[PDB]
Amino acid sequence: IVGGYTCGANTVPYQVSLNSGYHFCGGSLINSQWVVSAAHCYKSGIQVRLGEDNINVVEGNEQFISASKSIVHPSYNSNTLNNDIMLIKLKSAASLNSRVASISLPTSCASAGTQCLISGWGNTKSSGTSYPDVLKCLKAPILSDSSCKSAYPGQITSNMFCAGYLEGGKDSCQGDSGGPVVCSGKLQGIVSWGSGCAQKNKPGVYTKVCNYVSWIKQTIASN
Ligand SMILES: CC(C)(O/N=C/c1ccc(C(=N)N)cc1)C(=O)O
Ligand SMILES: [Ca+2]
């Protein structure tokens, strides 16, 4: 997260870290057994880490649970990043409490102009590299579809939305991939892509979760 703020320990209790010997992506806990992340975050041997603030220090509130299965969206296209969403099933149910909590799936799509909370342990620099220990947060508005399409001509599908600041300086980044974009207390987006980070006229592009609720519900009802 570039140009954001320190969230505060466990103030984003649905935030997960995906670990494969090291943090490599974020995710969102949607119930005691399931995490939503980006399909581009797929790999084998994922351990889900819940209740994290400092990802490099065991602080006492964590739950580390291995993934038992990963389900990439059936229409995910890794070239265009259309349908950039994946479900991850935990080997055992998370114990839900104040520091580890699920986030609601939306019943309707969020509106342009709506403020959302984006979070992660990704790069905090728009140029160069610096990775934080503690969870970072960013408040950012959903952009109009026309401004989103104008920023990325020929690349924005109906399964994507833009959020952030056209002036640059504030954005998600590499390492935040798969993490939550929460608007009005519902999981509305997943950190997906963008040209660099916090670049002028290049806002963040996010997987449009409201399009996937039916697939999510059906998949979790059968796996
Ligand atoms: C695989 C892929 C496309 O992952 N992309 C991550 C990403 C996340 C957020 C942003 C952003 N909001 N500017 C930009 C890029 C990559 O590393 O090239
Ligand atoms: Ca920790």
Side-chain angles (χ1 to χ4, degrees), residues 1-4 6-13 15-19 22-27 37-43 47-65 72 76-86 99-100 116-129 131-143 147-148 151-152 155-157 160-181 188-208:
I1 300 289
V2 176
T6 292
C7 301
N10 315 115
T11 61
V12 190
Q15 177 79 53
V16 319
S17 168
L18 304 187
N19 186 284
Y22 47 84
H23 165 86
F24 72 87
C25 272
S37 190
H40 85 260
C41 289
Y42 168 79
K43 57 166 88 179
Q47 188 188 58
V48 175
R49 304 185 157 204
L50 308 193
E52 293 276 28
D53 192 46
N54 191 318
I55 50 170
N56 277 135
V57 181
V58 176
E59 298 182 284
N61 294 306
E62 299 87 352
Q63 293 177 53
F64 299 170
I65 306 168
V72 168
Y76 171 59
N77 183 313
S78 55
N79 297 148
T80 59
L81 297 173
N82 196 28
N83 310 292
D84 193 10
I85 187 175
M86 161 185 78
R99 296 174 183 96
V100 178
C116 307
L117 179 68
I118 305 168
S119 48
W121 288 277
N123 197 356
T124 63
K125 318 278 264 205
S126 58
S127 293
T129 71
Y131 285 84
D133 37 39
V134 296
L135 186 67
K136 295 302 191 156
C137 274
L138 176 65
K139 287 181 173 182
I142 294 177
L143 304 176
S147 70
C148 190
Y152 296 102
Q155 294 157 72
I156 304 296
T157 72
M160 297 173 192
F161 68 90
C162 289
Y165 300 88
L166 294 182
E167 61 268 38
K170 289 190 278 276
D171 201 1
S172 58
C173 200
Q174 279 72 29
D176 298 318
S177 293
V181 181
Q188 292 286 4
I190 301 158
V191 181
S192 181
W193 65 279
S195 171
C197 313
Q199 298 304 298
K200 181 169 174 270
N201 290 135
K202 293 295 173 175
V205 190
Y206 300 93
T207 307
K208 190 168 172 169

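Just follow the structure's listing: the first ligand is 1, and inside any ligand the first atom is 1. In this chain, numbering begins with 1 at the start of the sequence shown.
The shortest non-hydrogen separation linking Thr157 to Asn82 is OG1-OD1, 2.8 Å.
The N, O or S atom of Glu52 with the smallest distance to the Ca ion (ligand 2) is OE1. Shortest distance from the Ca ion (ligand 2) to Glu62 is reached at OE2 (N/O/S atoms only).
If you number the atoms of ligand 1 from 1 as listed, the ones under 4.0 Å from a heavy atom of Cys197 come out as 13 (N). Counting the atoms of ligand 1 from 1 in the order shown, those under 4.0 Å from a heavy atom of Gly204 are 12 (N).
Of the protein's non-hydrogen atoms, the one nearest atom 18 (O) of ligand 1 is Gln174 NE2, 3.9 Å. Of the protein's non-hydrogen atoms, the one nearest atom 3 (C) of ligand 1 is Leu81 CD1, 3.9 Å. For atom 1 (C) of ligand 1, the nearest protein heavy atom (residue, atom name, distance) is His40 CD2, 3.7 Å. The nearest protein atom to atom 5 (N) of ligand 1, hydrogens excluded, is given as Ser192 O, 3.4 Å; this is a heavy-atom distance.
Contact annotation: the side chain of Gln15 approaches that of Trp121 to within less than 4.5 Å [non-hydrogen atoms, C-beta and beyond]. Counting heavy atoms from C-beta outward, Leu138 and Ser172 have side chains that stay 4.5 Å or more apart. At least one side-chain heavy atom of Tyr165 sits less than 4.5 Å from a side-chain heavy atom of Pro141. Counting heavy atoms from C-beta outward, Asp176 and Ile118 have side chains that stay 4.5 Å or more apart.
Checking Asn61 against the Ca ion (ligand 2), every N/O/S atom stays at or beyond the 3.0 Å cut-off. At a cut-off of 3.0 Å, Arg49 is not counted among the residues with an N, O or S atom near the Ca ion (ligand 2).
By the 3.5 Å distance cut-off applied to N or O atoms, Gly196 is counted among the residues near ligand 1. Residue-to-ligand polar distances keep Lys202 apart from ligand 1: every N/O pair is separated by 3.5 Å or more. Where the criterion is an N or O separation shorter than 3.5 Å, residue side chain and backbone included, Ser195 fails it with respect to ligand 1.
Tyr152 places a side-chain N or O within donor-acceptor distance of the main-chain N or O of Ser195, the cut-off being under 3.5 Å. Panel note: side chain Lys202, backbone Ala151; a donor-acceptor pair is recorded below 3.5 Å.
For atom 12 (N) of ligand 1, the choice among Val181, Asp176, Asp171 with the nearest heavy atom turns out to be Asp171. Considering only non-hydrogen atoms, atom 6 (C) of ligand 1 lies nearest to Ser177 out of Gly179, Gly26, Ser177.
Between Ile142 atom CD1 and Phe161 atom CZ the span is 4.5 Å, to the nearest 0.5 Å.
No hydrogens or angles considered: a donor-acceptor pair under 3.5 Å links the side chains of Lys136 and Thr6. Checked by atom type, the side-chain pair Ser17/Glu52 shows no donor-acceptor distance below 3.5 Å.
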*Could you walk me through whether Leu143 and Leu166 pass the side-chain contact (heavy atoms from CB on, under 4.5 Å) test, one step at a time?*
CA-CA 9 Å; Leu143 304 176; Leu166 294 182; 3.9 Å; yes

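Residue contacts with ligand 1 do not include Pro203, since none of its heavy atoms lies under 4.0 Å from the ligand. In this structure, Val191 has a heavy atom closer than 4.0 Å to ligand 1.
The proximity of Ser172 to ligand 1, defined as any non-hydrogen pair under 4.0 Å, involves the side chain as well as the backbone.
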